[PDB]
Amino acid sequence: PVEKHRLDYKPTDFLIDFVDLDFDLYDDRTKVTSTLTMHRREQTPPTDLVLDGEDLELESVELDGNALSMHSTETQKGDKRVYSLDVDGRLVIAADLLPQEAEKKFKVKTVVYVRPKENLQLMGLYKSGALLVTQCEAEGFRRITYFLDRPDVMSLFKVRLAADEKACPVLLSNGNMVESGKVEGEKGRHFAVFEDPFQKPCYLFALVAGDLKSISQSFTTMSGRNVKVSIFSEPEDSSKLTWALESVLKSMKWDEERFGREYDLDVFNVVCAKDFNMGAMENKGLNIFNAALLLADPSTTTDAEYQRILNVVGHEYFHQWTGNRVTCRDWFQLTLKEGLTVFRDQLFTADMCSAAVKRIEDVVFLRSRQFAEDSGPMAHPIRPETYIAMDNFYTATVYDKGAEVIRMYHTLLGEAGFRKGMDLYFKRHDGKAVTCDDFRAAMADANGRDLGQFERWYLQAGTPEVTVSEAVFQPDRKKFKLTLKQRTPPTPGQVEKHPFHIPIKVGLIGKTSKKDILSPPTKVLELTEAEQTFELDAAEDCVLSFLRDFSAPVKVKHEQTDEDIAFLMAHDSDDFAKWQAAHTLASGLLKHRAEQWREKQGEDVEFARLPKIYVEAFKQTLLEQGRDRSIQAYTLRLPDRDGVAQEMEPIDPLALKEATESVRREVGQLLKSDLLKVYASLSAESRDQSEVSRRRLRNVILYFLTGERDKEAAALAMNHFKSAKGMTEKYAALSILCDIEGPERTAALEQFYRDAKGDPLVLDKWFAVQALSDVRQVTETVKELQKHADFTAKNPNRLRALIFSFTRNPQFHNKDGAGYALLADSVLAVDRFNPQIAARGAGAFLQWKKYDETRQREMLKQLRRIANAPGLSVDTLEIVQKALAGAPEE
């Protein structure tokens, strides 16, 4: 297809009033009988009807009960009762056959066949284990039957499903079940009819058929309505659903208290799917989850995966209002529901777990994955202007930066002002398909606030850079002068970047008071120009606390002495800025040691001793009593390597890895006695946040106690591995052991495989922990694991567990190019059956320009090999075309 543009939107020529679907479900060939009740838009001349349709085996076309034949050269001579198929497979009916009056309704009935077992794209109807499941977002419903496959077309649905009674005892679709019984002529088959009373776009359609067990629990809304919440899964996993069920109940209660949102259906169903591209999908009343985001068990699920399940479960329920009842006018507005819903699950996770812990996790993920995207060839604003394949723009920018943009609304307007904007947003657009500007206008109108410049967050890509050009205390005036500058580098298709509306939370820590001296302690500064000076009231000499709570998704250039950083590490009040001060000091040490290693390529690299400021602060955090142990663990943990690499030019993952290990080993020697004392204090599975924090700090201290990677380190990690009562401490010890070549690593990996007992999720970790190992010939191990009996590229979770994890290994960038070729060979094979996963796999080649010339030539070679592959998908073609946009021709 050709490139699509945001400003080319136009309402549809025709409307869809009713959808009558009949499914004759078989694993090899499913018949889909569909009747669409349509009419032309008012005040519009007659025009041809064009319906989306992809990979359908068409049997018959019927217009108002009259059969139409396939247009051919023989039908041209005389037959006018014909239909046509365009070059893309869309169903075309000439305007002469349709009613002349616009309001006159007509019926288009089609019989098509699809092949679920051959549907390896996992879009539309396909087989997943013992289940027949669906996935339609964004444009997958056209792979089931003909439709106007766009989110601004809504209609009422009536769905009938017929299937084998033994293989598919449970049949599910959107809405309420109105009929169930046996198939009349065919013995052994049964059916069910589902009617959705509320109109919905086609991407929210879903159907499930297979052998399912369920747990359930009632929920009473604030109006008194009772909603039956049920979690479905295959029989073998039906005892691992309580954590997901309890998460739905918390999400429904939280949305009522925090935003006044009330569920409107009698049933809320969640079905687990073992073969799923996304993490979960918000199909109206019939959510479908990836198994890794639903199933939970103490012996298989880590604390982080437990929290991720709670977060995604809430995310999918929050889509019922921000996504389903108020939906998108077009796919350029994807961040209207994704950015707003991610922000909603971030507030939810913060209230359910720890606010500071969640904020630190979100910022670290943003400044690694999203910052790389925003500085690369695929950089796009949260509301893109153009796209080729819409599946390529379900990105960290649209999701996670979009949430940071929503959070900036909350910062500028306050909680009560943000709530008033939400109420007006839901009141105006309930049951409609709207845009980003509608949400921004709701926030503006409800608060009397001008948000015209704020739209630049939606229009301009790239990470803004905020420089602290001057920050000096003025004792004569009792003022603190703060001068700030902002600039944003060019991104593909947009060189000039106009100033953003940047809210910057600041604070001052008095040098005498050792606490906040501002009242209120945090002040929201509105940086709206390219350069601006602010004057804060400071009674005494102070130290600046800049960008508290990460109030804007920007880079910060702020020169601080190690003494002022140590002052903030000990006396700052903002939880993020307190951690940011420690993260800033450790990042600079990591970055400098990596540049020394990068200068000599590891040939005689001598590191200066770690400064006492860093070690004493590390020791104080380690020995501290009474504080939150999760904040303790995240402060002591070394900075994420992908985050530090985004500040380097060029990026050298091997130099950054050696820099990380050298710091890990030096602090392990300097504070070995204190580390061993705290480690023994954290011994002796509960889901309580107190026990999660204890295990989190215990695993971090083990990392600092095993840096030498000698026989003593392997023995300590092996005991941690064997004595673990859950997956959290077991997987952490295994991950540490896999960097230590020896018998302890092989024994742990062999035992880990057998202890899985065929569990696909535990086997994913077994593949991933090997792909991320810092061992020699880790590439050859990954290449060999592709032949393993339990490896199949057709399952996205298993493919990502091995291949995607390997792309995050620093040895993936080995200068011999063996790692790049491995990914390219994988992307080529996967693209022939699952374009979505292959396009995301090829994304690891996007930042080729940021690496050294040797790695540039190797990555450019694989990028061109993929781009020149015959039959390459539209999805993967767009990704590598963008990557090669700034590359030499030929």
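Counting begins at 1, following the sequence as shown.
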Counting residues of the deposited sequence that sit between residue 187 and residue 188 but have no coordinates, the total is none
Going from residue 684 to residue 685, the deposited residues skipped in the model number 4 to 9
Ranked by mean Cα B-factor in the entry, 362-370 and 193-201, top stretch is 193-201
Mean B factor on CA atoms, stretches 85-93 and 614-622, record says higher is 85-93
Of the residues 285, 384, 140, 99, the one whose Cα carries the largest B-factor in the deposited record is 99
Entry record, C-alpha B-factors for 263, 113, 457, 317; the maximum is at 263
Residue 348: CA B-factor among chain residues, third -> lowest
Among the modelled residues of its chain, the C-alpha B-factor of residue 134 falls in the third labelled lowest
Residue 877: CA B-factor among chain residues, third -> middle
The third of the chain into which the C-alpha temperature factor of residue 23 falls is the lowest
The third of the chain into which the C-alpha temperature factor of residue 53 falls is the middle
